[PDB]
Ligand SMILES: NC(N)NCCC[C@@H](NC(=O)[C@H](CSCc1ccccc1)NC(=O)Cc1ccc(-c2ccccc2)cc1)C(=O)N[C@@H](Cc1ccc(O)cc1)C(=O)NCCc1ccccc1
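For reference, the chain that follows is the form deposited without the ligand, supplied as C-alpha cells.
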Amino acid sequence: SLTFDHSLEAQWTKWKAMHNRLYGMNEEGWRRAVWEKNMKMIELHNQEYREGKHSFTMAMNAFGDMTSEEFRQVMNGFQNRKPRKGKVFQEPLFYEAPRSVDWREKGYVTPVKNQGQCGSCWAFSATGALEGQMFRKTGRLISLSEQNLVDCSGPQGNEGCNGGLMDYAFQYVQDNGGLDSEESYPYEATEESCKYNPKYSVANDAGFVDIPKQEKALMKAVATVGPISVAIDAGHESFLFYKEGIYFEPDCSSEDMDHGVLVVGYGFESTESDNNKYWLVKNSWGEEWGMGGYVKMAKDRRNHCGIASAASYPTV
C-alpha cells in the first residue's frame, strides 16, 4: 500500500471517467500516484503565483497520469536540425511593424486540433502554416490533412509518430504536387500506408522561406506574412500543465527545442508596474489545454524557449 490522499479520492474517480481511462494489471495504483504528485505540483505553482512569483497559472488536464519523461518520449517529436536552407526572408524596405497582431480575427486560422498520443506535432505546425498561406492567396480557409503527411512523407526524412521536421513536410508537398483535405483523409493518430489521392488535393507549395534567428525579424515576418511555423522547448512540467497568462520558465533552453507549433500573432499587457510582451501561439494538444488550446509565450526575453531559432513558412 501507499499513502494515497483520501481527500482526492472523488476527484481521481471523476478524472479517470472524464478521460476514459482503462488500466488494470497493477497500473491503476502507480498511475494514481503520478497523478497525485502532479496535482501537488500544480497546487504549489498556483500558490507561488498568488505570492507574486509567476506570470501564469497551471491546471490539471488529460496528461495528469503521465510523467514528464513519458510525455516527452511520446509527444514531442521535432528533430531540431536544418538539413537544407530555404529562401532568404527579405524584410520590407523602411518598415515598422504594428504594436500587436492577431491573424485569427482575419480568417487565417482553423479551429484547434489534437495530435493524440503520437509525435506528429511537426505535421500540425506545417498544415497550420500552409492553411494561412492558402488563405492569403485565395481567400478560402480549408483544414488540411496531417495524416497525409504522417503516412507519405517518409521519403523526405520524416518518421511518422516518431518525429520529423516542418521543412520536410513543406518539401513533400512540393515533390508530391499537392496535399489532401482533412475531410477526405482524416487523422488516425498512428502511422499507416500512404493513401494520397490527387483528386482530393486542395493545396500546393513551391518550397519554404527561412526567418533569421532574431525576434525583431520574426515580428516583422509575422506582421507581413501571416502565421509562421516555429519550434520551442516544451519539455517542462510548467508547460505540460499551463492554463493561462504569459508563459516564462527560468529553465527553458534557446538551443534545445523539441516541439513544433504555430505563431499566429503577438502583443503586450501592461500595468503601472510591468508584465510585458508575448507571442500568440497555437498548440496541437486540443482545446482543453491552455487558453482554448493557445498559449502566450514571453517575447523579447533573450529568445525564450528558442521561439526564433527554427522559424519558416511555405511559398505558395
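Counting begins at 1, following the sequence as shown.
When the two stretches 79-87 and 121-129 are set side by side, the higher mean Cα temperature factor goes to 79-87. Stretch comparison (256-264 versus 47-55) by mean CA B-factor in the PDB entry places 47-55 on top.
In the deposited coordinates, the residue among 107, 226, 198, 164 with the greatest CA B-factor is 198. In the PDB entry, the Cα temperature factor peaks, among 271, 67, 61, 283, at 271. Per the PDB record, residue ranking by Cα B-factor puts residue 296 in the lowest third of the chain.
Among the modelled residues of the chain, residue 208 sits in the middle third by CA temperature factor in this PDB entry. Per the deposited record, the Cα B-factor of residue 95 falls in the highest third when ranked against the other modelled residues of its chain.
Residue 3: CA B factor in the highest third of modelled residues in this chain (values from the PDB entry). Ranked by Cα temperature factor within the chain, residue 235 sits in the middle third according to the deposited record.
Just so it is clear, the following notes concern the form deposited with the ligand bound, a form of the same protein that is not shown.
The pocket of the unliganded chain is judged blocked, since the ligand, transferred from its pose in the bound PDB entry by superposition of the C-alphas around the site, places three or more atoms within 2.4 angstroms of backbone or C-beta atoms. Between the ligand and the residues 246, 240, 221, 152, the one pair within 4.5 Å by heavy atoms in the bound PDB entry involves 240. In the bound PDB entry, residue 168 approaches the ligand with a heavy atom inside 4.5 Å. Within 4.5 Å of any heavy atom of the ligand in the bound PDB entry lies no heavy atom of residue 266. Not displayed here, the ligand is approached by residue 115 to within 4.5 Å at the level of heavy atoms in the bound PDB entry. In the bound PDB entry, at least one heavy atom of residue 257 sits within 4.5 Å of a heavy atom of the ligand. The three marked residues, 133, 172 and 314, fail to reach the ligand in the bound PDB entry, with no heavy atom of any inside 4.5 Å.
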